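Participant: first portion of the complex, with coordinates as positioned in the assembly:
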Amino acid sequence: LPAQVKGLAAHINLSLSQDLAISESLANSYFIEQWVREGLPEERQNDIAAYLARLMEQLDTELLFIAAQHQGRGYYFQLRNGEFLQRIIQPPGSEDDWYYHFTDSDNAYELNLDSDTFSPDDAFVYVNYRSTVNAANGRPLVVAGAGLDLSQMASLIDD
């Protein structure tokens, strides 16, 4: 664990004051939790996307994501470039191993450099923040946050 790679990782952590605060409020959102408690009804996805789009106006991130527990399964949603994308989280051993590794930890949040699951040729530093509320299976009810490219992270280093 060389000193220069601790400093880079530590320096990035200290830089993201606003993205971390919003990721925590999104993961713990009462509005999002209501939607999850209702069974993730498709009819309200436009409201969820508009809620996330409002947050992205405040932030300077490439994407916002929600990973919600429903009936024992994980449902992954993402707002990116105005499009609301969704898919089901896959079993362990597949491209969604980020979700099981984070939720198995005791960390309230983590910064994860990973390839994207909708566009694998893209990569981001994801702010994975867990909700305080857990589902019946022990997984967090909601894992949510932002995806940051290098340009946005470089602007946070300056500030």
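Facilitator: Yes, it's here. Numbers count the residues shown, from 1 in each chain, chains lettered A, B, ... in the order given.
Participant: now the helices for chain A?
Facilitator: A:3-15, A:17-27, A:30-37, A:45-58, A:97-104, A:150-158 (DSSP state H).
Participant: buried residues of the second one, list them for me.
Facilitator: In this case it means helix A:17-27. A:19, A:20, A:22, A:23, A:24, A:26, A:27 (16 or more other Cβ atoms under 10 Å). Yep, even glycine has a C-beta here, placed from its N, CA and C like the rest.
Participant: how far out from the middle of the chain is stretch A:24-41?
Facilitator: 13 Å (Cα atoms, centre = their mean, to the nearest Å).
Participant: give the buried residues for it.
Facilitator: Neighbour-count burial for stretch A:24-41 [16+ other Cβ under 10 Å]: A:24, A:26, A:27, A:28, A:29, A:32, A:33, A:35, A:36, A:40.
Participant: dump those residues into TSV; add distance to residue A:47 as well.
Facilitator: Formatted as TSV, the buried residues of stretch A:24-41 follow (distance: Cβ to Cβ, whole Å):
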residue	distance to residue A:47
A:24	21
A:26	14
A:27	18
A:28	18
A:29	12
A:32	10
A:33	14
A:35	8
A:36	13
A:40	12
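Participant: quick check, nearest of those to residue A:148?
Facilitator: residue A:26 (14.4 Å; Cβ to Cβ).
Participant: residue contacts, the closest residue to the closest one other than its chain neighbours?
Facilitator: Nearest residue to residue A:26, sequence neighbours excluded (Cβ to Cβ, 6 or more residues apart in numbering): residue A:144, at 4.4 Å. Shown in contact with residue A:144 (Cβ atoms under 8 Å, 6 or more residues apart in numbering): A:23, A:26, A:27, A:29, A:32, A:64, A:65, A:66, A:67, A:129, A:131.
Participant: of those, just say which sits nearest to residue A:104.
Facilitator: residue A:67 (13.7 Å).
Participant: ok, now which ones touch the nearest residue to that closest one once chain neighbours are set aside?
Facilitator: Residue nearest to residue A:67 in three dimensions, not counting chain neighbours: residue A:143, with 4.1 Å by Cβ to Cβ, 6+ apart. Contacts for residue A:143 (Cβ under 8 Å, 6+ apart) come out as A:27, A:66, A:67, A:99, A:102, A:103, A:128, A:129, A:130, A:131.
Participant: which of those sits closest to residue A:148?
Facilitator: residue A:128 (11.9 Å).
Participant: go ahead and place chain B:
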Amino acid sequence: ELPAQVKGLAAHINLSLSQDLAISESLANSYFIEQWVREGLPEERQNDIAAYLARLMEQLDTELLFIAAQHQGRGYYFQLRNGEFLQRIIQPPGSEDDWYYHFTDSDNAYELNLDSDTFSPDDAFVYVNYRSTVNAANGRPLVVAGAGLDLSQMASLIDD
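Facilitator: If we add chain B to the chains shown above, we get the following:
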């Protein structure tokens, strides 16, 4: 005024507003709050609004959160404080609600206003007054929202 004596003081308040400012901005511009205002502030959904604010207050460690919403030309003031959801109508200019007209008449996205409280006048706070980007028909922001900070919370946020 007198800078050098307040310069040590001034740095201390900025550490007070790193998280409280970000959440105040997201609350004022909240799509969830906006929908409620667009629906006419129906009383049936106040429990949802109060539960929504309770999540935010757990994150920030602040004494109070407030919402000042425009509806049919009048301002409606709501506050969550110590688990209680308080509400009243904003009064005309020249009264104790001059903070609202002075702020909304300005061009500032937000302001810090040291003022006595309108529900409990014996209390005072530094209020983070943040305006929504969307405006009502009268030109005032659809929503002004934010947190009220005591000295104790600011003194702790000072050390950090």
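Participant: what do you get for the buried residues of stretch A:24-41 once chain B is counted?
Facilitator: A:24-33, A:35-36, A:40 (16 or more other Cβ atoms under 10 Å in any protein chain shown).
Participant: go on, stretch A:9-17?
Facilitator: A:12, A:15, A:16.
Participant: could you count how many residues lie near residue A:82?
Facilitator: The local packing of residue A:82 (other Cβ atoms under 10 Å in any protein chain shown) involves 8 other residues.
Participant: how near is it to residue A:64?
Facilitator: Between residue A:82 and residue A:64 the distance is 12 Å, computed by Cβ to Cβ, to the nearest Å.
Participant: for residue A:8, same thing?
Facilitator: Taking Cβ to Cβ, one finds residue A:8 at 25 Å from residue A:64.
Participant: could you check which of those two is surrounded by more residues?
Facilitator: Taking other Cβ under 10 Å, residue A:8 and residue A:64 do not tie; residue A:64 has more neighbours (25 against 12).
Participant: ok, residue A:98 to residue A:92 distance?
Facilitator: 11 Å.
Participant: typo on my end, residue A:85
Facilitator: Distance from residue A:85 to residue A:92, counting by Cβ to Cβ: 22 Å.
Participant: the two: who's more crowded?
Facilitator: Of the pair residue A:85 and residue A:92, residue A:85 is the one with more neighbours under other Cβ under 10 Å, namely 17 against 11.
Participant: who's in contact with the more buried one?
Facilitator: A:77, A:78, A:79, A:118 (Cβ atoms under 8 Å, 6 or more residues apart in numbering or on different chains).
Participant: can you get me a residue count around the closest residue to the third one other than its chain neighbours?
Facilitator: Yep, that's residue A:79 we're talking about. Counting by Cβ to Cβ, 6 or more residues apart in numbering or on different chains, residue A:79 lies nearest to residue A:52, which is 4.3 Å off, once chain neighbours are set aside. By the criterion of other Cβ under 10 Å, residue A:52 has 22 neighbours.
Participant: repeat for residue A:49
Facilitator: Neighbour tally, residue A:49, other Cβ under 10 Å: 18.
Participant: now swap in residue A:7 and tell me
Facilitator: 10.
Participant: before we move on, what about residue A:51?
Facilitator: Around residue A:51 there are 23 residues (other Cβ under 10 Å).
Participant: isn't it right up against residue A:31?
Facilitator: Yes. Counting by Cβ atoms under 8 Å, residue A:51 sits close enough to residue A:31 to count as a contact (6.2 Å).
Participant: enumerate the residues of chain A near chain B.
Facilitator: Within chain A, the positions near chain B by Cβ under 8 Å from any Cβ of the partner chain are A:17-18, A:21-22, A:24-25, A:28-31, A:34, A:47, A:50-51, A:53-55, A:57-58.
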